[PDB]
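Let me begin by presenting the structure, written as structure tokens, before commenting on it.
Read-outs: derived from the displayed coordinates by stated rules, not from any lab. Cβ sites come from the backbone with ideal geometry, for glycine too, and all protein chains shown count toward neighbours.
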Amino acid sequence: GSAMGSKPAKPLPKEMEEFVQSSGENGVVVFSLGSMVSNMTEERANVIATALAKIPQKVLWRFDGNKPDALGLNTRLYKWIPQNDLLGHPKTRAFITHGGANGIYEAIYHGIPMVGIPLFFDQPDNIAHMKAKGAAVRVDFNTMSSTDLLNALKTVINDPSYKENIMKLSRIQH
Amino acid sequence: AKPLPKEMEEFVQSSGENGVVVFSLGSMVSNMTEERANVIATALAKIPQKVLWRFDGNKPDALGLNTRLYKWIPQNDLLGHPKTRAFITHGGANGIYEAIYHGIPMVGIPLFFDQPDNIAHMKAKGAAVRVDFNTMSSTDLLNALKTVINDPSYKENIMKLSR
């Protein structure tokens with residue numbers, strides 16, 4: 001019973017696990033665009049915040065800018081997230097991601113369907129293969145409206161075809 | 001509710017009282033030259049810790065029996081494991097936050113972007129040593145690892161930053 005402890009650390013930090021548990025039946029959504037667009041224009045952050053505020057899920061958003069004016073009560077901002085641990089949490093319903101390789105692998109591993117928002121580099125191709133397999137919907141960061149993002153979210157969270165398609169990939173992967 | 005994939009967990013537990021080291025240069029090091037992979041593998045093979053290396057290229061000839069390659073690692077789960085002794089990282093912000101949160105000292109190998117300044121800050125705080133990916137020899141990397149594992153000031157300094 002030392003100060004460090006001799007057991008593996010808890011999956012989620014203290015307040016974060018309480019926030020996830022408070023989602024009840026609706027569950028949560030993980031939102032991370034990676035380090036390179038954790039800061040963004042006020043206009044883009046409010047488009048996103050407005051969409052996220054309209055789903056009944058709780059939302060964990062990796063974000064470091066100024067708090068958006070339209071941030072919903074269901075949404076919390078985090079400078080960092082234990083992404084794999086959130087994706088493996090039983091409450092998690094969807095992953096909004098830029099489509100990096102580590103994130104897609106964790107999404108497939110844990111069977112979490114995606115809203116893909118590719119920005120740079122391999123990310124457009126990474127999401128294209130997920131969209132092909134029915135495990136993701138794709139939206140365009142620069143031009144998406146709040147309703148565009150909200151519809152993508154509602155689709156991936158509630159239409160089970162996305163969950164089932166990524167579970168097919170999950171069951172091969174492990 | 002298990003942080004590590006089964007086979008990865010068995011490897012981590014197999015480290016006994018030596019513990020493990022987590023090595024990840026992130027997404028932008030997809031692959032590297034044979035020459036660099038052998039320099040790294042040679043160094044990693046010479047510590048008593050077991051080593052989990054995020055790596056997706058050709059298996060290095062010099063890969064030690066203490067070292068395993070993974071296309072993907074659960075980085076926060078490994079850093080939170082009681083066996084973990086050090087984190088060799090490119091210096092991405094998320095990894096550094098996790099290392100600070102779990103009290104794990106770092107060998108920083110910054111490559112691009114914010115990574116040089118991220119690692120420079122950790123080194124200034126005594127929580128990291130810094131090496132150069134393109135220049136480092138096997139001895140350089142081995143000495144850095146030995147330092148941050150065996151000199152406790154690095155772990156103690158990063159635990160200060162924790163709170």
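The range A:11-62: which GluC sites (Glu not before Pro) are DSSP loop and have at most 14 other beta-carbon atoms within 10 angstrom? Could the numbers behind the result be given before it?
Values: sites: A:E15, A:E17, A:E18, A:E25, A:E42, A:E43; in loops: A:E25.
For GluC sites (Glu not before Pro) across the range A:11-62 that sit outside H, G, I, E and B with at most 14 neighbouring Cβ atoms in 10 Å, the list reads A:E25.
List B:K83, A:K67, A:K133 from most exposed to least, where exposure is judged by having the fewest other Cβ atoms within 10 Å. Don't skip to the end; give the middle numbers.
Values: B:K83 18, A:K67 10, A:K133 14.
Going from sparsest to densest Cβ surroundings: A:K67, A:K133, B:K83.
Would you mind ranking B:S162, B:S24, A:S2 so that the residue whose beta carbon has the fewest other beta carbons within 10 Å leads the list? If you can, show how the numbers build up before the last one.
Numbers: B:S162 11, B:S24 23, A:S2 6.
By the 10 Å Cβ count, ascending, the order reads A:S2, B:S162, B:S24.
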Label 7 Å along Cα→Cβ of B:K6; the range A:82-98 residues with amide nitrogen under 11 Å? none
Listed with the fewest Cβ neighbours within 10 Å leading, A:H129, B:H81, B:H102 appear as A:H129, B:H102, B:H81
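So which trypsin sites (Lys or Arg not before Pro) in the range A:73-117 are both in a DSSP loop and have at most 16 other Cβ atoms within 10 Å of their Cβ? Provide the component values of the computation, followed by the final result.
Details: sites: A:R76, A:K79, A:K91, A:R93; in loops: A:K79, A:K91.
Those that pass, being in a loop and sparsely packed, are A:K79.
With N residues in the range B:1-52, what two-decimal value do you get for its Cα radius of gyration over 2.2 N^0.38 Å?
Details: Rg = 13.1 Å, N = 52, 2.2 N^0.38 = 9.9 Å.
In units of the 2.2 N^0.38 Å rule of thumb, it is 1.33.
Going through the cross-link list A:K7/B:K160; A:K54/A:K163; B:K2/B:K71; A:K168/B:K71; A:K14/A:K131, which pairs have a Cα-Cα distance over 24 Å in this structure? Show your work: numbers first, answer last.
Values: A:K7/B:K160 21 Å; A:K54/A:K163 21 Å; B:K2/B:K71 19 Å; A:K168/B:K71 20 Å; A:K14/A:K131 34 Å.
Pairs exceeding the cut-off: A:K14/A:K131.
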Distance (nanometres) between label positions extended 7 Å along Cα→Cβ at A:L73 and A:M36: 3.8
For B:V51, enumerate residues with amide H under 5 Å from its amide H, sequence gap 5+ or separate chain, H modeled in the peptide plane. B:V21, B:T67, B:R68
Would you calculate the separation in nanometres between label points at B:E17 and A:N158, each defined as 7 Å from the Cα along the Cα-to-beta-carbon direction? 5.9
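May I ask for the Rg/Rh ratio of chain B, computed from Cα atoms with Rh as the Kirkwood radius, given to two decimals?
Numbers: Rg = 14.3 Å, Rh = 15.5 Å.
Computed over Cα atoms, the ratio is 0.92.
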More than 39 Å apart - percent of Cα-Cα pairs taken over the protein assembly as shown: 13
Over the range A:53-159, what is the mean sequence separation of C-alpha contacts under 8 Å (at least six apart), divided by residue count, expressed as relative contact order in percent? 21
